[PDB]
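Read the single chain below, which is given as structure tokens and is the form deposited in one PDB entry.
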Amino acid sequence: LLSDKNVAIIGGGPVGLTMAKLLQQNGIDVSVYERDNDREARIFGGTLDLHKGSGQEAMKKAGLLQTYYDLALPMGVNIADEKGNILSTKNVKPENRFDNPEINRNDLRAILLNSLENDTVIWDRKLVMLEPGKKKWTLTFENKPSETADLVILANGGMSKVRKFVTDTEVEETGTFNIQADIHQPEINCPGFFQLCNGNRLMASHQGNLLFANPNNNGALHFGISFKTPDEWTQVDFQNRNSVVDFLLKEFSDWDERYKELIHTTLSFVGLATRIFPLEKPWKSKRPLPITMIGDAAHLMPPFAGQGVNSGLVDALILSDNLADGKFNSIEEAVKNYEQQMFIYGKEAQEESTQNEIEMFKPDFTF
């Protein structure tokens, strides 16, 4: 069905790599083009969890489920107030897989890279332009040679700049904001907070500020602090830790000294406005050549209720199935069938995550 043709996947994130695996095991000629300089670039961020109905099915189909298990870490969850423990959910043996053991993002990338043929991924390839010819797409990469493909699949994350051939829809700010950071040797550097987590992930919520932490992302503590974007903003400079620290200490002034120590001990902060790529309009039905989008490039949405990578791993599973099992007259029809399913579960996910974002940031999230 892709028989004399090649596929370009733009983006080597967890969705794009998984797309590449599911394609390539059915004999399809696929390359992944990834902006990262090389395979050891550090991926900033929290862990990912794969769920039994969805992301784990992608891994199962790719023959990687067990490997995901070996490298992932089941974790309990503690809910605390702006000082003490209000709920402690330890993981039980029936449930350690039950979905969603946590995996570090570089571990998962390495699992997916290792399952691919040599030179599937081409590193240091930032796609900046796409142009449809007669039969193939010309792909333009910053300061590197151009390439062609019969089929382009954008897997290049929520801020993709190269969507216009699929849709004119734009990314939108949802009105919340997230500040993230990593603390190394947390047992040493934020002891009181590290002891509160006590090996579990921790969430706490107070007066419209939410705090999420994982004390054990390959030995580093990762945390995020989220809140409704201040009307005043922008006004904090994430380059200057002092201005981020002043802002956070003001917002957290009520909170126990263990949380403040977390803010004090952080070397640098990454600030990011929450965004959604809304599945609001149908995508374009006149496309000059086959092209589609999966993962956050298709349906970026707030992460607060756990939605995120699982639905992108389902995208990969449904699209590769449609392209391989070839029950369709054409690639075009294969893509359209995928996009139709994806609009349904993708909209359900977005509604739940928008509704959850509203519910959480209500300043009186009791909750």
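Rigid core here is just the name for the largest C-alpha set that superposes within 1.5 Å across the two forms. So that there is no doubt, residue numbering starts at 1 and follows the sequence shown. Residues that one form lacks are left out of the comparison.
This protein has a second form, the form deposited in another entry, left out of what is shown; the following refers to that one.
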Check: After aligning the rigid core, which of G219, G175, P288, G84 is the one whose Cα travels 2 Å or more between this form and the one not shown?
Finding: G84
Note to self: Could you check, with the core superposed, whether the Cα atom of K93 shifts 2 Å or more between this form and the one not shown?
What the structure shows: yes
Notebook entry, point to check: By 3 Å or more, the Cα spacing of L23 and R97 differs in that other deposited form; is it closer or farther than in this view?
Noted result: farther
Notebook entry, point to check: Any idea whether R97 and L22 get closer or farther by CA distance in that other deposited form, knowing it moves 3 angstroms or more?
Noted result: farther
Next item on the list: Provide the ranges, sorted by sequence, of consecutive runs with at least 3 residues in which each Cα shifts 2 Å or more between this form and the one not shown, based on a superposition on the core.
Entry: 84 to 98
